[PDB]
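Accompanying notes for the structure given below.
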Amino acid sequence: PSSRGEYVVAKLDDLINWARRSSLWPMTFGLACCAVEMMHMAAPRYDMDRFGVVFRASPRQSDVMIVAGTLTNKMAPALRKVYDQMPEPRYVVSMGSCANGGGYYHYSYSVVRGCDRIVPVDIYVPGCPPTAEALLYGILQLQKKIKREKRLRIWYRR
Amino acid sequence: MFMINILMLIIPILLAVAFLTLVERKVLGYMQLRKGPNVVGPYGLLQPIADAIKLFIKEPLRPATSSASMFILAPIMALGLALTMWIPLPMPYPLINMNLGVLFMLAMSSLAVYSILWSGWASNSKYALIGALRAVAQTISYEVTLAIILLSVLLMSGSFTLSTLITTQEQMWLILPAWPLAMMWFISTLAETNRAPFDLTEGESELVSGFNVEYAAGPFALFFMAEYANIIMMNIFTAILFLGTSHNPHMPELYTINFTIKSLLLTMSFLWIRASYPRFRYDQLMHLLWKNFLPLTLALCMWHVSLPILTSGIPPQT
Amino acid sequence: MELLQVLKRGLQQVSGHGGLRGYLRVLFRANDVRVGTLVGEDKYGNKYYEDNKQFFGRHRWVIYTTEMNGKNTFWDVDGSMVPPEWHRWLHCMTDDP
Amino acid sequence: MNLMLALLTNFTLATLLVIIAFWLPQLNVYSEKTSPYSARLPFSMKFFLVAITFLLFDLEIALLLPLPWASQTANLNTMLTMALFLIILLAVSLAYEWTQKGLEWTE
Amino acid sequence: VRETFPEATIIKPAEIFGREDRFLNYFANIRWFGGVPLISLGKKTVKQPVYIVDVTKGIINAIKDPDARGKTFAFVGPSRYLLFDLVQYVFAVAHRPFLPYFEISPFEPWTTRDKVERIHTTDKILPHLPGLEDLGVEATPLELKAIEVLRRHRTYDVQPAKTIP
Amino acid sequence: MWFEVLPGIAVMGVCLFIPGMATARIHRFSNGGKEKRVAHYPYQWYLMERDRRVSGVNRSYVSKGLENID
Amino acid sequence: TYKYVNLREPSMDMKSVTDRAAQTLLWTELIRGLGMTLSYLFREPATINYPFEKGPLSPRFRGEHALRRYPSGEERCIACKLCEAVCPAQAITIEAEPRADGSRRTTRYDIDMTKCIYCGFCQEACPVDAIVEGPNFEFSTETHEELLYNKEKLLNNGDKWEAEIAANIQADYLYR
Amino acid sequence: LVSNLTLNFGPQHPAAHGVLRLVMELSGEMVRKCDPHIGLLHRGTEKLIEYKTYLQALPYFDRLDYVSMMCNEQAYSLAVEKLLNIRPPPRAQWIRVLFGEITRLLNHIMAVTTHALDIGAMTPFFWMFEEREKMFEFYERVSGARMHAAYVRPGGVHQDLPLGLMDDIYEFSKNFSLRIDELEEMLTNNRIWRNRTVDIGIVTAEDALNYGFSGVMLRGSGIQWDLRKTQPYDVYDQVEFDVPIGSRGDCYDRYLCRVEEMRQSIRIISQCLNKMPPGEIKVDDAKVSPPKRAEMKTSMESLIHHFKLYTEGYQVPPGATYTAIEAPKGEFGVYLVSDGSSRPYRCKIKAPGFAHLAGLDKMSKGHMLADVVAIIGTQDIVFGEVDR
Ligand SMILES: CCCCCCCCCCCCCCCCCC(=O)OC[C@H](COP(=O)(O)OCCN)OC(=O)CCCCCCCCCCCCCCCCC
Ligand SMILES: C[C@H](CCC(=O)O)[C@H]1CC[C@H]2[C@@H]3[C@H](O)C[C@@H]4C[C@H](O)CC[C@]4(C)[C@H]3C[C@H](O)[C@]12C
Ligand code: SF4
Ligand code: SF4
Ligand code: SF4
């Protein structure tokens, strides 16, 4: 057969992307209420595992961090610690108003006004709390975001 | 032709371990009123491939290991021993026909605690080691009753040849004459492989970090393959030991079918048990052995030495 | 006996989807091969089905169009492709398509 | 030869698989990291004594292993007495620990 | 640049050191793991390295300072070091033993033909060019901000290098 | 439904069936259509080495019968 | 009125003692626990096939915000700032002025959707049904800036979702 | 002090209660000292309430014990109503008991199942959240929100029950006792579960009262105390139910008490469905409760009261009250001080989990490290209310 380098890189990129989105093992900070809706996303009706998303993942095997609740100033150092220990590729999902931008404690002295002040965020899931279905939509949006990555294709043209 | 026959044993073992992970997630799901993997490939048939490709391209963790040598030995020792345990199993013919197959398997499994011990010592974290030490004491503890129970069974078989266990059960399964021993055997294979309600390594991770905390995705994935290889092998051994299939030398493949179905059903009973009970506390799984299983295993060992003599049913030596 | 009848339904699903090619397309696109009444179709191509003998929550569903607003959605579909008129019916906020 | 060729393959396959896993992923340049991070190991007698108890019981098992071959002897009364004697000794060793504050790991 | 954009501020730094640098991280890794230093007559090279933050500060003040336009700058560290001693000092910090005495490839060449030619070039002294002093930045010593850089390489009481007047 | 777990168990079953099936078939192929000879004890080894000389081709699975008695 | 959850006295006849001995040695209750899990394996899973199937909602569901219009097409909002005053999270920012035709209309209407708690007090307080919480719950974004809605966005949401919003109001306005 | 193990649940697991940093001294397997550090979900809620009207402050109470949303609302509403000197109408009192018991079921499913999940018994968690998911639909149908309903308000409830809700609640309640029975078929007589809970974290009756415990933590030790029976507050004097009482004060009795409370909640829910009376849902007094949207668009007085209620808010007479209810976790109380304006001067929240967690060190003495997981679970700690 005959094939260019550009074609080979495009197909290998699709393979690794398909594997990375098909097997997303999430770490979940269950900081507050939004953790309860994260638990409903694992329960029978939605069953995130059927997408390949394991119920429980350790911090140092995790692929995505889900920040489900209010990030207080006392807790912020610990969350950045966990984020650094995560091996790459690593993605953060910000779930709910509190994590997205402080929410209903935005004007508090003890609350970080959004977790994007601490860690980079890939997807923002609105709600207080987002419904289990709304979080599931967010995770499926992360899978499509990963599908569009072009790591190998960029590397070839460097 | 023998090199081929080895790769007709090694490669199929790895694939079975690959697809035991799918079967585990789906069986647990349906016992939990959910579907489990069913999106990646039809009925989740590509979930193992996605997980495998995902881990090996994952960025490695930082080894930060006290002993580099013992860091790389632990996964090699664990993976190599798990594959080696399969060479004497009669299905219906062993790859290597040993006259002391049972002692070879018993002796080899005793070396499997070095992988736990080395990785813990090479981890470089003080709580990781205390995790490894707790696990080792559990593994060697339940080896004691496995050896004595295995000794009791072999006093009705009359040999250490694994193919002689088939002949012993030609008329009837050893599950009848030895159901008190089959109960304690089956549990000890749960505790030997560190499975629920004995998976104290995973359950108490926050309290005491497990020994495999330090390895990267690729190396950690290899520790996990060796662990389900042992779980499949210990249920294949459970089937040969207590549920012996009849062998028709003209139709060996009929043995391999009936034999394989019995191996799966016990292997899926491991999943069944995981989904049904809470975990043991460490002092409780030590109480279960040293104070319940061991007294009964010794009493039944005394019984199974006396019984063949007082019924004139001593098996042949050959 | 019932086992044979069960298998008959399984085969009926293969013909109910227009043959093996039709039955495999829904299997890989939707991960589900049930068949139900076509309640309607909408101007973008989505098709809507119900089967009232299913349990509450599965008795309605949509098979998303393969293209919408100039984007190839054979594989890439998302819950935001349901238009507002059907959004009410699909989420059971109403009882009338 | 066949046992040797079987073992050599099983540990050669394991060695290649581990060597590929450890090193080959290192060729991917995932950025570069910052800095990761007193106490000692407090020796516990309970974890030691369980290891020893296994050692002593495990040896008494080594004497029990020939029992399947030992029932082919003409002198069955002698064999039967010494078999029950050794298993009963394994029982007395257990009873001594049980009744003299020994199974402390069991608690 | 000086012809296309005459009002441009051209900044000339020396080897810059920092957490993610490829200068001290180069001496700690490439020299150590799998190799013994490839130093080519290390006694003949004099180096004047500058901290990253001082360069960052210098660049900002060139934006906010209106006299910087049209001027070329030279950002240099407080001290001049001997390339041999520098490598030695790096090793002491990283607790890697130092004993005086890798092909380019795809991916990302780590150690290359030209990189060596540069690590050996001697830091030119151009007094007429203004430096960090003229932008309100004090050059920071290597010693302070070298334990910061090299604490990662260190496995699991240190003496400084000797400056060249 | 529960029976959607079977395809996974079927693939796992096919995987655990190949080892036994291949070993039996390979034994027949290398040993002239009969089971591989089992020699646990020295007497069984003596007979196998006797058969090896008897055949004349140096294979212990080549049986010689009354036709050679002459 | 109270009851004793665990004040039984176990019977000490031999028949009962043997029952507990049989239970202890034969693992009876543990087998019973295995039976219940076995029964669930043959029960139908409660999972639904998201996104092809959706969870049931009601007309009162509180989702994404939108600004509505009258049938003629004029905006319902008169810039009374009752929603801004009530908002528990201070998520709403309003400015107003007289429009070119002298009408009382806003020039700035903003909702910081990352401040909002999706409580629906603003729709309860609006006198003209101008601000509503729609039925959309699938609008997660990739950047924080995409969740700070100005007037145009909320007007566009009203134009986008009016068909459904009006029907939901029709279904619930009598309860309100 | 053989070793100090600083155990941070920072890398949280599937519990969702929050995050707890636990500092312990382990003299071997045993625990000699336990020291919870609890600032991680402190959000300044009590100070923020001072800048909000009474209506604006109500949603804060949904987000305290975020598994007892409508019970926290009722406590706030009962406190405010007491200062206002008004009375909610009889229909709303029945709706508030009805959803108070649907909330108790919601809380105990989380309490028992996540307690069992931490001790390795994962399956009942999935069995019961299919039920909580059906209960979340009742919340969404009356309020529009699955969790933070904001539905129970001073004066009554925001809206009336939609037509067809009571039938669906009855259908849920009819099949629910069987769901509890399946749960007991996996835990009540299970020897492994009993070994993990029996004679763990024993609390004496005398130490319970002095340490401030309430709820199941008292009744497990044999104290006959329930606020619904001794200080009834809505229609709880008009419904028959029994209080489960423990005898040994251990985790296993506390586990049994909660499972029996779920049965008594279904008993109560049955009576509420049959006795639901007709009428209005909020106090018919428009200087406190907003008028109907039809009247506000027709009547001048209604528009004025609507305008002022949603801007200034109703003013509350000066005074201070301590109101407590039998929340699912325990006694939930608010000390609310009014300066006479429309914004509270001080709102102190009494969380039952605050005292229980402070009593952890007492209970953990002389237990192994793996027991502490069981002790925290049996307390039913959520850090939304521990910290506020
Ligand atoms: C005529 C003379 C002939 C000689 C014999 C005559 C007498 C025969 C009658 C005696 C029968 C002996 C029974 C042997 C089984 C072992 C008994 C046993 O050890 O059970 C007790 C053990 C702990 O007891 P515990 O509940 O903690 O009580 C308090 C402590 N005193 O409880 C436990 O074991 C707990 C185990 C927990 C893990 C269980 C998880 C799996 C359960 C389901 C598996 C079902 C069985 C699987 C069978 C597999 C067979 C292949
Ligand atoms: C290591 C193996 C890939 C090896 C191979 O197939 O060749 C992969 C395939 C599927 C994986 C497993 C499943 O995908 C997910 C399981 C769930 C928990 O996260 C524990 C790890 C978990 C048990 C995984 C362990 C390991 O990473 C697996 C087993
Ligand atoms: S966003 Fe809402 S539900 Fe989530 S933690 Fe904050 S207040 Fe609770
Ligand atoms: S829903 Fe509540 S928090 Fe959100 S904008 Fe409306 S009043 Fe403010
Ligand atoms: S949206 Fe309604 S309440 Fe808000 S300013 Fe406009 S008219 Fe007033």
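If you're wondering about the labels, chains in the structure tokens are A, B, ... by order shown, residues count from 1 in each chain, ligands from 1 in order shown.
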Open item on the list: Residues of chain D were defined as contacting chain A if any atom lay at most 10 Å from it, counting only C-alpha atoms; please report them as a PyMOL selection string.
Closed with: chain D and resi 30-31+33-36
**Message:** Give me, as a list in words, the set of residues whose atoms come within 7 Å of any atom of ligand 1, counting only C-alpha atoms and all ligand atoms.
**Reply:** residues 175, 179, 180, 181, 182, 183, 184, 186, 187, 197, 238, 242, 273, 288, 292, 293, 300 and 303 of chain B; 24, 25, 26, 27, 30 and 31 of chain G; 191 of chain H
For the residues in the current selection, export C-alpha atoms as a PDB file, in the first residue's frame.
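As written to disk, out11.pdb reads:
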```pdb
ATOM      1  CA  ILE B 175     -17.079 -31.895  46.403  1.00  0.00           C
ATOM      2  CA  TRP B 179     -17.391 -30.271  51.116  1.00  0.00           C
ATOM      3  CA  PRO B 180     -16.174 -29.071  54.544  1.00  0.00           C
ATOM      4  CA  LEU B 181     -12.720 -28.706  52.984  1.00  0.00           C
ATOM      5  CA  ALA B 182     -14.066 -27.159  49.782  1.00  0.00           C
ATOM      6  CA  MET B 183     -15.687 -24.402  51.830  1.00  0.00           C
ATOM      7  CA  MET B 184     -12.444 -23.421  53.552  1.00  0.00           C
ATOM      8  CA  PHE B 186     -12.686 -21.537  48.429  1.00  0.00           C
ATOM      9  CA  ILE B 187     -12.412 -18.804  51.064  1.00  0.00           C
ATOM     10  CA  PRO B 197     -14.207  -9.354  51.668  1.00  0.00           C
ATOM     11  CA  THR B 238     -10.481 -25.209  42.333  1.00  0.00           C
ATOM     12  CA  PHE B 242     -13.085 -30.512  43.655  1.00  0.00           C
ATOM     13  CA  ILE B 273     -19.132 -12.522  46.353  1.00  0.00           C
ATOM     14  CA  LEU B 288     -10.925 -16.222  60.914  1.00  0.00           C
ATOM     15  CA  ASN B 292     -11.483 -20.867  63.006  1.00  0.00           C
ATOM     16  CA  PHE B 293     -10.077 -22.297  59.779  1.00  0.00           C
ATOM     17  CA  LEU B 300     -10.154 -32.636  59.077  1.00  0.00           C
ATOM     18  CA  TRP B 303      -9.864 -37.218  59.845  1.00  0.00           C
TER      19      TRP B 303
ATOM     20  CA  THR G  24     -22.491 -20.321  62.215  1.00  0.00           C
ATOM     21  CA  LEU G  25     -20.885 -23.343  60.548  1.00  0.00           C
ATOM     22  CA  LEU G  26     -22.908 -23.594  57.324  1.00  0.00           C
ATOM     23  CA  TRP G  27     -22.915 -19.836  56.605  1.00  0.00           C
ATOM     24  CA  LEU G  30     -24.327 -15.367  54.064  1.00  0.00           C
ATOM     25  CA  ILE G  31     -25.875 -17.623  51.424  1.00  0.00           C
TER      26      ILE G  31
ATOM     27  CA  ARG H 191     -22.025 -11.535  60.446  1.00  0.00           C
TER      28      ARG H 191
END
```
Using only C-alpha atoms, find the residues of chain C whose closest atom to chain H is at most 12 Å away, then write them as a list in words. residues 56, 57, 92 and 93 of chain C
Within 12 Å of ligand 5, which residues of chain H show up? Give each one with its shortest atom-to-atom distance in Å (one decimal) and the two atoms involved, counting only C-alpha atoms and all ligand atoms, rows by chain then rising residue number, as JSON lines.
```
{"residue": "H:306", "atom": "CA", "partner": "ligand 5", "partner_atom_place_in_ligand_line": "3 (S)", "distance": 11.2}
{"residue": "H:307", "atom": "CA", "partner": "ligand 5", "partner_atom_place_in_ligand_line": "3 (S)", "distance": 9.7}
{"residue": "H:310", "atom": "CA", "partner": "ligand 5", "partner_atom_place_in_ligand_line": "3 (S)", "distance": 9.5}
{"residue": "H:311", "atom": "CA", "partner": "ligand 5", "partner_atom_place_in_ligand_line": "3 (S)", "distance": 10.3}
```
Would you write out those residues with C-alpha atoms, as a compact mmCIF listing (two decimals), in the first residue's frame?
```
# COMPACT_ATOMS: atom_id res chain seq x y z
CA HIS H 306 -45.71 42.30 45.88
CA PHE H 307 -43.36 45.17 45.08
CA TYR H 310 -39.57 41.27 46.85
CA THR H 311 -37.49 44.41 47.49
```
**Asked** What lies within 7 Å of range 111-120 of chain E using only C-alpha atoms, ignoring chain neighbours under 6 positions off, as JSON, numbers by chain?
**Response** {"E": [45, 102, 103, 104]}
Using only C-alpha atoms, the shortest atom-to-atom distance to chain F among C:31, C:73, C:12, C:66 belongs to C:31
Using the chain letters and numbers from this document, which residues of range 66-249 of chain H does DSSP assign to helix (DSSP H, G or I), as number ranges by chain?
-> H: 69-84, 90-118, 123-143, 165-174, 176-184, 191-197, 205-211, 216-219, 227-230, 236-238
Since we have the selection now, will you write its residues out, keeping C-alpha atoms, as a tab-separated table (two decimals), in the first residue's frame?
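Saved to result-v3.tsv:
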```
chain	number	residue	atom	x	y	z
H	69	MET	CA	-32.83	20.31	52.27
H	70	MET	CA	-36.49	20.71	53.17
H	71	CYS	CA	-35.97	19.94	56.85
H	72	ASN	CA	-33.43	22.76	57.13
H	73	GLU	CA	-35.93	25.07	55.44
H	74	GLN	CA	-38.64	24.16	57.93
H	75	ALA	CA	-36.42	25.05	60.88
H	76	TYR	CA	-35.73	28.49	59.41
H	77	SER	CA	-39.42	28.96	58.60
H	78	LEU	CA	-40.56	27.87	62.05
H	79	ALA	CA	-38.12	30.34	63.60
H	80	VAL	CA	-39.13	33.26	61.40
H	81	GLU	CA	-42.84	32.50	61.76
H	82	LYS	CA	-42.44	32.48	65.54
H	83	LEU	CA	-40.93	35.97	65.49
H	84	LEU	CA	-43.56	37.14	62.99
H	90	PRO	CA	-53.30	23.73	57.82
H	91	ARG	CA	-52.68	22.39	54.31
H	92	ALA	CA	-49.10	23.65	54.25
H	93	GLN	CA	-48.39	22.12	57.66
H	94	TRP	CA	-49.36	18.75	56.19
H	95	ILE	CA	-47.24	19.34	53.08
H	96	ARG	CA	-44.32	20.28	55.33
H	97	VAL	CA	-44.70	17.11	57.39
H	98	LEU	CA	-45.18	15.07	54.20
H	99	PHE	CA	-41.99	16.42	52.63
H	100	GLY	CA	-40.28	16.37	56.01
H	101	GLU	CA	-40.71	12.60	56.00
H	102	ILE	CA	-39.75	12.25	52.35
H	103	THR	CA	-36.60	14.12	53.37
H	104	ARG	CA	-35.98	11.81	56.31
H	105	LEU	CA	-36.06	8.87	53.90
H	106	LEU	CA	-33.66	10.74	51.62
H	107	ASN	CA	-31.26	11.34	54.51
H	108	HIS	CA	-31.28	7.81	55.94
H	109	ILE	CA	-30.67	6.18	52.56
H	110	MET	CA	-27.55	8.32	52.25
H	111	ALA	CA	-26.64	7.70	55.89
H	112	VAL	CA	-26.94	3.91	55.85
H	113	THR	CA	-25.77	3.24	52.30
H	114	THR	CA	-22.66	5.44	52.38
H	115	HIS	CA	-21.90	4.11	55.85
H	116	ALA	CA	-22.04	0.60	54.40
H	117	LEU	CA	-20.17	1.66	51.27
H	118	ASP	CA	-17.19	2.85	53.33
H	123	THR	CA	-24.17	-2.82	46.35
H	124	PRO	CA	-26.99	-1.46	48.58
H	125	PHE	CA	-25.78	2.02	47.66
H	126	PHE	CA	-26.90	1.49	44.06
H	127	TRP	CA	-30.10	-0.29	45.07
H	128	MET	CA	-31.27	2.67	47.14
H	129	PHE	CA	-30.21	5.61	45.01
H	130	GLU	CA	-32.62	4.40	42.38
H	131	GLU	CA	-35.17	5.20	45.09
H	132	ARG	CA	-33.62	8.54	46.03
H	133	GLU	CA	-33.71	9.35	42.33
H	134	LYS	CA	-37.47	8.79	42.37
H	135	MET	CA	-37.72	10.97	45.48
H	136	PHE	CA	-35.70	13.69	43.74
H	137	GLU	CA	-38.55	13.79	41.21
H	138	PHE	CA	-41.07	14.67	43.91
H	139	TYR	CA	-38.80	17.54	44.91
H	140	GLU	CA	-38.54	18.72	41.30
H	141	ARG	CA	-42.27	18.50	40.58
H	142	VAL	CA	-43.29	20.72	43.50
H	143	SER	CA	-40.37	23.17	43.35
H	165	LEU	CA	-48.37	14.20	42.76
H	166	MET	CA	-49.99	12.48	45.72
H	167	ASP	CA	-50.77	9.42	43.61
H	168	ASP	CA	-47.15	9.11	42.53
H	169	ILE	CA	-45.97	9.51	46.12
H	170	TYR	CA	-48.38	6.78	47.20
H	171	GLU	CA	-47.09	4.49	44.45
H	172	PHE	CA	-43.53	5.09	45.63
H	173	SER	CA	-44.47	4.49	49.26
H	174	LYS	CA	-46.34	1.30	48.42
H	176	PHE	CA	-40.75	1.02	49.43
H	177	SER	CA	-40.94	-1.28	52.46
H	178	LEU	CA	-39.74	-4.11	50.22
H	179	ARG	CA	-36.71	-2.01	49.29
H	180	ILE	CA	-35.82	-1.63	52.96
H	181	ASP	CA	-36.29	-5.36	53.47
H	182	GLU	CA	-33.80	-6.13	50.70
H	183	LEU	CA	-31.34	-3.84	52.48
H	184	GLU	CA	-31.77	-5.78	55.73
H	191	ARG	CA	-22.03	-11.54	60.45
H	192	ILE	CA	-19.41	-9.44	58.63
H	193	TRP	CA	-21.52	-6.30	58.98
H	194	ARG	CA	-22.31	-7.04	62.62
H	195	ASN	CA	-18.63	-7.61	63.39
H	196	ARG	CA	-17.93	-4.17	61.93
H	197	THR	CA	-20.66	-2.37	63.88
H	205	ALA	CA	-26.43	7.72	78.07
H	206	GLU	CA	-24.83	10.04	80.62
H	207	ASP	CA	-21.96	11.02	78.32
H	208	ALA	CA	-24.34	11.49	75.38
H	209	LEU	CA	-26.36	14.24	77.06
H	210	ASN	CA	-23.36	16.09	78.44
H	211	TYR	CA	-21.59	16.05	75.06
H	216	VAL	CA	-30.18	8.67	66.93
H	217	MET	CA	-27.02	9.29	68.95
H	218	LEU	CA	-29.18	9.62	72.07
H	219	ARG	CA	-31.78	6.98	71.24
H	227	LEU	CA	-38.56	16.42	69.43
H	228	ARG	CA	-41.45	15.39	67.18
H	229	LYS	CA	-43.06	13.67	70.19
H	230	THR	CA	-42.10	15.95	73.09
H	236	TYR	CA	-46.78	15.90	64.24
H	237	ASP	CA	-49.20	15.67	67.15
H	238	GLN	CA	-51.77	14.29	64.68
```
